[PDB]
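Asks: following this: a sequence and the matching experimental structure.
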Number of protein chains: 2
Amino acid sequence: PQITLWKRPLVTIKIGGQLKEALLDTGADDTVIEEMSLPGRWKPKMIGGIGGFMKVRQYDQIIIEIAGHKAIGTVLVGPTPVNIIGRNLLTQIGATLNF
Amino acid sequence: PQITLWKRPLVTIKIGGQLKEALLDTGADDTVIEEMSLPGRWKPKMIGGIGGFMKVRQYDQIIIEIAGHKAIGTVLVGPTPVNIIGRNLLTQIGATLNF
Ligand SMILES: CC(C)CN(C[C@@H](O)[C@H](Cc1ccccc1)NC(=O)O[C@H]1CCOC1)S(=O)(=O)c1ccc(N)cc1
Ligand SMILES: [Cl-]
Ligand SMILES: [Cl-]
Ligand SMILES: [Cl-]
Ligand code: NA
């Protein structure tokens, strides 16, 4: 698709068999999901945003579908205000910004 | 242009006579610039994201040139570590996210 930006660019994602809403965020280096169960071991990571830094759980090689496009990569889990799809997975679904 | 997302999507902007580097950010509702003076009236606002909230000054009807494209709208000013062009101005330059 071609998504305009008059409203938030919200899409459906599928992760761990569950459907969730997430924001396509070109200003986010990384993908961050609200609290949920994911398989495997996690690693620590600190990420920075508008309010400061915060700690998250880093899970690697997680299968995730984004607006129907399949991705497999790193998902951060933590107390984010909205689910965020960042550049690490936007590149995998072939997303570009155009003007 | 078409901008890929392997790297942060940074462009040059001109605001208040000043050249700055800014991130094209589909996850940001409004444009947020590092501390600088701007003309006219302002009112305070709180914006939220990763790490919590930041207090900003909201200036309306400000012109920015974004990669050569003029746009007018609200600009938030505060202690952001990165200048952010949000949806309110991305729409005006006809930016879309494509995949
Ligand atoms: C969290 C989203 C919903 C909203 N933010 C935009 C995001 O693109 C934000 C932009 C940013 C980059 C670097 C440092 C500081 C901020 N990146 C972000 O947090 O990257 C983290 C998440 C994972 O990867 C790393 S915002 O900055 O809070 C914000 C909120 C309101 C307005 N009006 C403007 C900006
Ligand atoms: Cl990844
Ligand atoms: Cl505006
Ligand atoms: Cl349009
Ligand atoms: Na004004």
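Replies: Yep, it's here. Numbering: from 1, shown residues only, chains lettered A, B, ... in the order given. Ligands and ions are numbered 1, 2, ... in the order given.
Asks: so who does the residue nearest to residue A:54 when sequence neighbours are not counted touch?
Replies: Closest residue to residue A:54 apart from its sequence neighbours, by CB to CB, 6 or more residues apart in numbering or on different chains: residue B:51 at 4.9 Å. Where C-beta positions appear, they are placed from N, C-alpha and C, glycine not excepted. Shown in contact with residue B:51 (CB atoms under 8 Å, 6 or more residues apart in numbering or on different chains): A:48-54.
Asks: what's the answer for residue A:31, then?
Replies: Residue A:31 neighbours (CB under 8 Å, 6+ apart): A:64, A:73-76, A:84-86, A:88-89.
Asks: roughly how far does the spatially closest residue to it that is not a sequence neighbour sit from residue B:70?
Replies: Ranked by CB to CB, 6+ apart and with sequence neighbours excluded, the top spatial neighbour of residue A:31 is residue A:86, at 4.7 Å. Counting by CB to CB, to the nearest Å, the separation of residue A:86 from residue B:70 is 29 Å.
Asks: same question for residue A:81.
Replies: 32 Å.
Asks: neighbour count winner among these two?
Replies: residue A:81 (16 against 11; other CB atoms under 10 Å in any protein chain shown).
Asks: what residues does chain A have near ligand 1?
Replies: Within reach of ligand 1 by CB under 6 Å from any ligand atom, chain A has these residues: A:23, A:25, A:27-30, A:32, A:47-50, A:82, A:84, A:86.
Asks: rerun that using 8 Å as the cut-off
Replies: Contact residues, chain A versus ligand 1 (CB under 8 Å from any ligand atom): A:23, A:25-32, A:47-51, A:76, A:80-82, A:84, A:86.
Asks: from those, keep the buried residues only.
Replies: Burial by neighbour count, 16 or more other CB atoms under 10 Å in any protein chain shown: within these this picks out A:23, A:25-28, A:30-32, A:47, A:49-51, A:76, A:80-82, A:84, A:86.
Asks: show me which of these neighbour ligand 2.
Replies: Counting by CB under 5 Å from the ion, nothing from these sits close to ligand 2.
Asks: quick one: which of the contacts of residue A:31 is nearest residue B:8?
Replies: residue A:86 (10.7 Å; CB to CB).
Asks: top strand in chain A by residue count?
Replies: strand A:52-66 (DSSP state E).
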